Amino acid sequence: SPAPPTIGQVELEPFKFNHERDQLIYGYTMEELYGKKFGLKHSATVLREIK
Amino acid sequence: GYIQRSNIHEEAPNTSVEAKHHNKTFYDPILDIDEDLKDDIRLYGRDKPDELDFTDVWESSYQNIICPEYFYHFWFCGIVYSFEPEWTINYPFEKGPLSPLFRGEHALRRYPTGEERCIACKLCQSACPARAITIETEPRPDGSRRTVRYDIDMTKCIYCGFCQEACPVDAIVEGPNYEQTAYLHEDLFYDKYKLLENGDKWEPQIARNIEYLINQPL
Amino acid sequence: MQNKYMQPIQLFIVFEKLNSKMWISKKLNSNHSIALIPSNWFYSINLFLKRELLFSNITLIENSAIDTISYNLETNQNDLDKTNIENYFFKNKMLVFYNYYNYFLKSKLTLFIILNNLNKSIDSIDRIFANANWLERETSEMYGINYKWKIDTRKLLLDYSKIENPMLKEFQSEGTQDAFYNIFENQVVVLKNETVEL
Amino acid sequence: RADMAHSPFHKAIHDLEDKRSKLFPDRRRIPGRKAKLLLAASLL
Amino acid sequence: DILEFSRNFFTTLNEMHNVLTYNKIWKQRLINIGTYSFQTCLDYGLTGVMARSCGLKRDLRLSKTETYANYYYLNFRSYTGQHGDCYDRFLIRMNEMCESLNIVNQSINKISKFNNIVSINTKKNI
Amino acid sequence: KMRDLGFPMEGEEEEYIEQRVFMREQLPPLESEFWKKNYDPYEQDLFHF
Amino acid sequence: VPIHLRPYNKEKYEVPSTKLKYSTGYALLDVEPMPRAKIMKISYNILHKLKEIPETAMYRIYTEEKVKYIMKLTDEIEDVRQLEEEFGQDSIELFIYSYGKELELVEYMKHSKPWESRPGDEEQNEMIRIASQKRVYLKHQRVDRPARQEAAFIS
Amino acid sequence: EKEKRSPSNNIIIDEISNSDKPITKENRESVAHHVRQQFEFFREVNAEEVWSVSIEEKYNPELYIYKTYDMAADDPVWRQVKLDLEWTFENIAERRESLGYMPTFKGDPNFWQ
Amino acid sequence: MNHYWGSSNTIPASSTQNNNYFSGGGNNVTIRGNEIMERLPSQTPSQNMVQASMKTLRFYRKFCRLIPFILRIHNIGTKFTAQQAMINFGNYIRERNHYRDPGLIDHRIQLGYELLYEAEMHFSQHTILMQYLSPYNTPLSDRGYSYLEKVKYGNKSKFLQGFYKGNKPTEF
Ligand code: SF4
Ligand code: SF4
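Written out as structure tokens, the structure reads:
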């Protein structure tokens, strides 16, 4: 019987902290795995008014 | 549940301008700007956006230094909300709006001839959820069946009106009176004299209300 | 009927040593299943329920007990068959029921346990479901149920310095004591009560 | 559908542009305007 | 009179809205207070507004097998939070009041007679 | 030890410390604990003393 | 070779996905970038943990069948959206959380032994059998007038 | 002959489902069949709810955002509700002003002869 | 010990010291604890009468140890001494001697611990909790007593005493 892969104790939790995420993403980055997170997407008129 | 439903998806109404029920100005470009704010990651959890910005910097600086909570809410509550006229009802000189169905002080009624309506059927006694009604009956020497005792503990009563609904001759009613405050616990032990005089005093208003209520089904 | 339904039969598949007795009724919701469970397997059954897939997303909705020692049919005594669940209310000293809801299967599950011992002893499940603490405390104080391996056994709703089970049929709704102020002691005391009767 | 656009259950469907303008704000808040204005004014 | 009450209740609810929702003190008093997730929300048998704040979609009116009293054949919205704290519960309660107004309006419409009889010529109401 | 357990390790994450220190329920006991024969508190056997 | 008897493939399952939800609908629940790999890991660990339960017990058989079903379904599906359309049309995070919960039941069932009988079973079965039976009533029973009680006389 | 089932059939009675496939310890394929059936039931029962479960909502959520002094102005539906209320009030007012009077119930002691 | 009776649940002697220096200590037996009780787990089941009797004896010992504290905090020391209160509660227990179901005895021990904790934390009223410490056939010590019915019904039996004094009101 092949040995099962190891599962971390803190793994299987509903959410993760920073070092837990660092454990999970050892080969990759946030953008490559989770995607892009956007704060606000102002329109052209709003951006022009802000400048 | 108990019927069939081949298509559970409720399709949206027709959006064509040709349609009779087309609703222009339903969507407002100035107001409906949710596409701007729907992609914010702050609305979905504890996470932070990939890039912060000077707009957030300016917002935080405005919130932390100017402290608008001391002028926004102060003005907008105080002045405007104080401009509105008052709501108070002057109780000694005005009364709050009631209805002919209002359940107040109990009374025993009479026929227009002066005869008691109550025939001691004890339906009101068994209808009482609080067991507040006690009735004892003897044949009156002329032969009619009348109560020798009919009393209600007003400290047991829950003022529910089940007894006036159960009465088949409209003998026991709940009147419009609510100013029945007493100084002794024994003043709230209502016997037949008290209920009879309550009926003899409040008969016009009770008659008017019952007249309207009777005419309602008709 | 007019909805997707399936029995919770895997529970008795895993627990191979148990008889299966289940009911569905139109007096209940169409997703509500009632089952009979022996008392000596209740803790293990709840352990299985709390963690097994498609059961783990479950919550305990209600808990209570029925004093069936005085249960009698009052009408239609000739319309009872061997399949009626009320047929299990006879000759049985006590009954206990638990009601759960499962979000994955969108189902209601009621479990019934027959207590036939005079001391009314059954294992507690408040170490599995955090609901069961107050619910089981109230049930134990109301019906005299003796819960074993419970987190908290203190009284929940009853008065201090009193031992009684008011929800038993033998108990009269007026109790046995009344509270009065005592002038000779300048404090409240309890006395044997005389009450009005209608 | 009473909760989506162009629903026959809705009654006020004809030209209510004036009422809609009167009852609702006609300008959009733009971030930073108050902050920049107040900070510059305070410094000056 | 119920429709009149609804129209004025919009204004009174907005009046309560603008002293609490955006208040810095209110936010610092309610945000991230009493936070819990769905696991606690299941362990302690939480239902209703608290269950909608923990993130769970649980409304008995909108359930297919558990609905009652005309609710299944109306059209209203229900709200769920994404943080499970006091602020979410407050906002959910305000939005539930608004949706209750909407449901009352829908019921009154369902017991209403809108169309009338028009003259055969000139399409004039009689 | 705290990092192995899963405690917050940053100032920003401390705002959710309770979610990792209190909101996780204790595991229920095994039924073998209930099936024991004796439940006396342990003490040293003083046979040779 | 069957998947459950096939060694865990790190490269096949630990692959980034380009189509993930912006968030789950639940508070304090994080989107898992690689859900299929986690499902395979938990399934293999469940099989290894079940290796200690007796093979003839229905708990082991039922769990092994369910695990095999889940493994086949998640191996045949490469898109997370169709996988989530299976398994209740909800967030896959809830499914993974509940399956991790399934992990501990193996240890909890060793000390409870659902495959072994208990001393109190017989009384429960007897009281089950007693409850269901025909229940006649004392009234509605025919009683005839008894014959005359003849008197006995001593000698 | 005495019972209606085979000695290997453990279904004493089944009125709920009228099943003809007993689950037995000996028959291991029945366990697999039950697992398949239960997973299919899971999918189907979650695929029939009209509000509780929606994968499209999970992937395309719709949010309500507080942005102005008016809570109703942040949602077109509430604005439509307010306009409908005003429309009903105006219709009632014009309909009642057209008639010019209002019948009322007046008390009559002749009712109490 | 994470329990209300744990050896570390004592009130500190001073604000900077649990006891004097060089050592620790505290009183948790004859007085109440420092922290409040938050849970009271079930009694471990007793398989026979010996375990139940041991539980009863230990509960009685705890009650006897806590008597003086209760008498002081409830201002009931003049009605009876500590020994008299112990004897009265022992009379209660003796009236409960005929019990033979160990589970019932465990339930009773749980209830007794609960009522004792209520008494020692001012949850109950002294005039209410004194019903378990009052004498059965003796007057209380804080007031005088009447011996009228002792003089008139001197040698008369119990039946005659209960016959001369009725069992119902006589007006009705
Ligand atoms: S219900 Fe009416 S008629 Fe009957 S006993 Fe009472 S008052 Fe009399
Ligand atoms: S109103 Fe209700 S509670 Fe009061 S006397 Fe009548 S029946 Fe009884």
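Residue numbers (PDB author numbering), protein chains in the order written: chain TA, 26 to 76; chain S8, 19 to 236; chain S3, 1 to 198; chain AM, 16 to 59; chain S2, 191 to 316; chain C3, 249 to 297; chain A5, 40 to 194; chain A7, 114 to 226; chain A6, 1 to 172. Positions of the beta carbon are idealized from the N, C-alpha and C atoms, including for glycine.
If the criterion is Cβ atoms closer than 8 Å, does the pair residue i and residue j meet it?
i                     : j               : result
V119 (chain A5)       : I131 (chain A5) : yes
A145 (chain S8)       : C175 (chain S8) : no
residue 16 (chain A5) : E123 (chain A5) : Chain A5 is shown only over 40 to 194; residue 16 (chain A5) falls outside these bounds and no answer can be derived.
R135 (chain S8)       : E154 (chain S8) : no
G274 (chain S2)       : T201 (chain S2) : no
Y136 (chain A5)       : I81 (chain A5)  : no
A66 (chain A5)        : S227 (chain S2) : yes
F123 (chain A6)       : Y160 (chain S3) : yes
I116 (chain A5)       : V144 (chain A7) : no
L54 (chain AM)        : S79 (chain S8)  : yes
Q218 (chain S2)       : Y62 (chain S8)  : no
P45 (chain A6)        : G103 (chain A6) : yes
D197 (chain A7)       : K26 (chain AM)  : yes
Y43 (chain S3)        : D126 (chain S3) : no
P222 (chain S8)       : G122 (chain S8) : no
In the DSSP assignment, find the beta strand (DSSP E) that holds residue i and state where it starts and stops.
i               : result
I190 (chain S8) : 190-192
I61 (chain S3)  : 58-66
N182 (chain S3) : 177-182
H124 (chain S8) : 124-126
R163 (chain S8) : 163-171
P102 (chain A6) : Counting along the chain, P102 (chain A6) falls outside any beta strand (DSSP E), though it belongs to the alpha helix (DSSP H) covering 102-120.
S144 (chain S8) : Where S144 (chain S8) is concerned, there is no enclosing beta strand (DSSP E), although the alpha helix (DSSP H) it sits in stretches over 141-145.
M19 (chain AM)  : From DSSP, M19 (chain AM) is part of no beta strand (DSSP E); its letter is neither H nor E.
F97 (chain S3)  : 94-102
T155 (chain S8) : 151-157
Should residue i be flagged as near chain TA, meaning a C-beta pair shorter than 8 Å?
i               : result
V70 (chain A5)  : yes
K149 (chain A5) : no
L49 (chain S8)  : no
For the alpha helix (DSSP H) containing residue i, list its first residue and its last residue.
i               : result
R156 (chain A7) : 141-159
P222 (chain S8) : 210-233
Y172 (chain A7) : 168-172
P68 (chain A6)  : 49-74
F42 (chain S3)  : 42-51
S121 (chain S3) : Note, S121 (chain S3): premise wrong, no alpha helix (DSSP H); beta strand (DSSP E) at 121-123.
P74 (chain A5)  : 74-89
Does the beta carbon of residue i fall short of 7 Å from some heavy atom of ligand 4?
i              : result
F24 (chain AM) : Ligand 4 is not among the ligands present in this structure, which contains only ligand 1 and ligand 2.
State yes or no: is the beta carbon of residue i nearer than 8 Å to at least one beta carbon in chain AM?
i                      : result
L176 (chain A7)        : no
residue 317 (chain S2) : A question about residue 317 (chain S2) goes unanswered here, because the residues of chain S2 that appear run from 191 up to 316.
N198 (chain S2)        : no
For chain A5, check one thing: does any of its Cβ atoms lie closer than 8 Å to the Cβ of residue i?
i               : result
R127 (chain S3) : no
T270 (chain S2) : yes
Under 8 Å, Cβ to Cβ, is there at least one residue of chain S8 near residue i?
i               : result
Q229 (chain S2) : no
For a cutoff of 8 Å on Cβ pairs, would you count residue i as touching chain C3?
i               : result
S130 (chain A5) : no
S44 (chain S3)  : yes
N222 (chain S2) : yes
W134 (chain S3) : no
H67 (chain TA)  : no
Quick test of your reading: residue i and residue j, contact by CB under 8 Å. State the CB separation rounded to the nearest angstrom.
i               : j              : result
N102 (chain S3) : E62 (chain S3) : Contact doesn't hold; Cβ gap of about 14 Å is too wide.
Would a check of beta-carbon distances place residue i closer than 8 Å to chain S3?
i               : result
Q163 (chain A5) : yes
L144 (chain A5) : yes
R127 (chain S8) : no
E207 (chain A7) : no
With 8 Å as the threshold, decide whether the Cβ of residue i is near any Cβ in chain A6.
i               : result
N165 (chain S3) : no
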